[PDB]
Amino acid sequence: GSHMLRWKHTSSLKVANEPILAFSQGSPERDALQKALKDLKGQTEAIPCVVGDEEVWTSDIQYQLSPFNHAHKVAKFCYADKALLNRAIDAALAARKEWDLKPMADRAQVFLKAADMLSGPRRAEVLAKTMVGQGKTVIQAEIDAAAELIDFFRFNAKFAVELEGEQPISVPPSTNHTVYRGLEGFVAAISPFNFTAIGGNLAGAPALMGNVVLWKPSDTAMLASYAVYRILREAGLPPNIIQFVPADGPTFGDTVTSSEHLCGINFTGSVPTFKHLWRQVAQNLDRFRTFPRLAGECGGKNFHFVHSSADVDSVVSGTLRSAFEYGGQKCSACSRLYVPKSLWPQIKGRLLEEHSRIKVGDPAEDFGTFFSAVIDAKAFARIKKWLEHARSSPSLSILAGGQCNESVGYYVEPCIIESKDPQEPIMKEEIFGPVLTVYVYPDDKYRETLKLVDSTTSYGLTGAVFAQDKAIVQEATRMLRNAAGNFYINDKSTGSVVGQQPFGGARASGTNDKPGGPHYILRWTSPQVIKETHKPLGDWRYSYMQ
């Protein structure tokens, strides 16, 4: 009855969150970052597509601009054509079996090594490239290109190594074992401009699980994205496991959804684009060798809801940060603030005072900058249109800000607007700019207003309640259960931390697969269960049949 299949013991991994650095004067990390920023000033990196180990150039040349100094081309790159994308698919597929057969721990090692490189010798580089290329301030780059990305890599490695210990029951005469296979085919990873870390996770998590990936990074985050890619390769990622293939969005989507070998799309970006990809997969369902798995994290129209018992100062600082950090360019950013009439004079006064102290400027040159320019000309134009809507709409009034200037960078001052209409389009539609809308509700209608918070928008991503009354917190928590997948009590609606607040939400905000938590990796494995029986079978008949 000897076992012909032998299964090895599964190991464990101890990881903790990457500490956030202070960047105090004279500190090594501040000195290193300043030097890295200096290294990037006046520089343009020519970034190729990478298929296997080959650097490939097409004639479709594109540029990434520095948002706060758009005269500065930080990168020249190119769009993969359909031929190159299909070549990348073929080469990835040819590399997949070997990679899938590698022990999980060996794949995890690549990501653990990459995390250590990001933590130490490459921290300043990835921070600086995120600052200059995406317009982030020091701390916004630090929580993203360093801490969050490092955390994704370490925590997903832990989750993946430990997943292999999740095994079924065996009863004599048989032994059962689950093999956590990668998906058969390739995964397309499509990442957004606003977080360097998201690109690394979208391509990296499926790769960890034995998949091969075509990664289309965001044009407006190309510089930092390529830095991450190179680090993964230096950390030991074999060729053809992640293909670095910037591309026109529609072209990329058309190509990957036309391949019989597509097994997954890991997407973060706009709802309409995700829906389009979902429809393309459905249209082509008959050609696929298996049913592709779509994961999408999309936008939000997120709320801070204030109860009369709230700590005012916390409401003010938490809301200023949530609404305006990184120019409000977060799917988690607060864009609607609900305030009870009893607290509005206090909160309005404080918001306006603090607003006047917010510095908008060049984040590389002036570390006093709270936030900088928005990402590109398209974002600037959209935000400008909303500011113009605020002036024209009889239900809207601009309380603070409203100015913008795109002469040097895509600069928009933080803007606070009051709406007298809780259903105004500005209360519903995601702007992705530093534009906060305030609705003041009578204290006596708090319950009815909680219903408005829940029903007004199509989104379900983040939200916060500020209140010190326990019963109120319990009630609001119950009522807003499906209004936010990441819900905050007396804290701001942004800044989820890996392993602490797994991130994502439903309604129109996506598929809610909770990257940052222990279950996300399950989307990228298709388990096989093996039963080995160690004794001969008996007759085909059963005893009761006699």
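Note that residue numbering follows the sequence shown and begins at 1.
Participant: So, looking at the entry's B-factor column for Cα atoms, which has the higher mean, 280-288 or 306-314?
Facilitator: Taking the mean C-alpha B-factor of 280-288 and of 306-314, the larger value falls to 306-314.
Participant: Averaging the C-alpha B factors as listed in the entry, name the stretch that ends up higher: 381-389 or 68-76.
Facilitator: In the deposited entry, the stretch with the higher C-alpha B-factor mean is 381-389.
Participant: Just the C-alpha B-factor column, please: which of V271, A221, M209, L149 has the biggest number?
Facilitator: Highest C-alpha B-factor among the listed options: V271.
Participant: Among the candidates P246, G120, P425, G135, give the one with the maximum CA B-factor reported in the record.
Facilitator: Answer, based on the entry's C-alpha B-factors: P425.
Participant: Using only modelled residues of the chain, where does the Cα B factor of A94 rank: lowest third, middle third or highest third?
Facilitator: Middle third - that is where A94 ends up once the chain's C-alpha B-factors are sorted.
Participant: Classify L13 as lowest, middle or highest third according to the C-alpha B-factor given in the PDB entry, relative to its own chain.
Facilitator: According to the entry, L13 has a C-alpha B-factor in the chain's highest third.
Participant: Compared with the other modelled residues in the chain, in which third is the CA B-factor of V50?
Facilitator: It falls in the bottom third of the chain.
Participant: Which third, lowest, middle or highest, does the C-alpha temperature factor of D39 belong to within its own chain?
Facilitator: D39: CA B-factor falls in the highest third of its chain.
Participant: Quick one: classify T477 as lowest, middle or highest third of the chain based on its Cα B-factor.
Facilitator: Its C-alpha B-factor, which the entry lists for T477, ranks in the highest third among residues of this chain.
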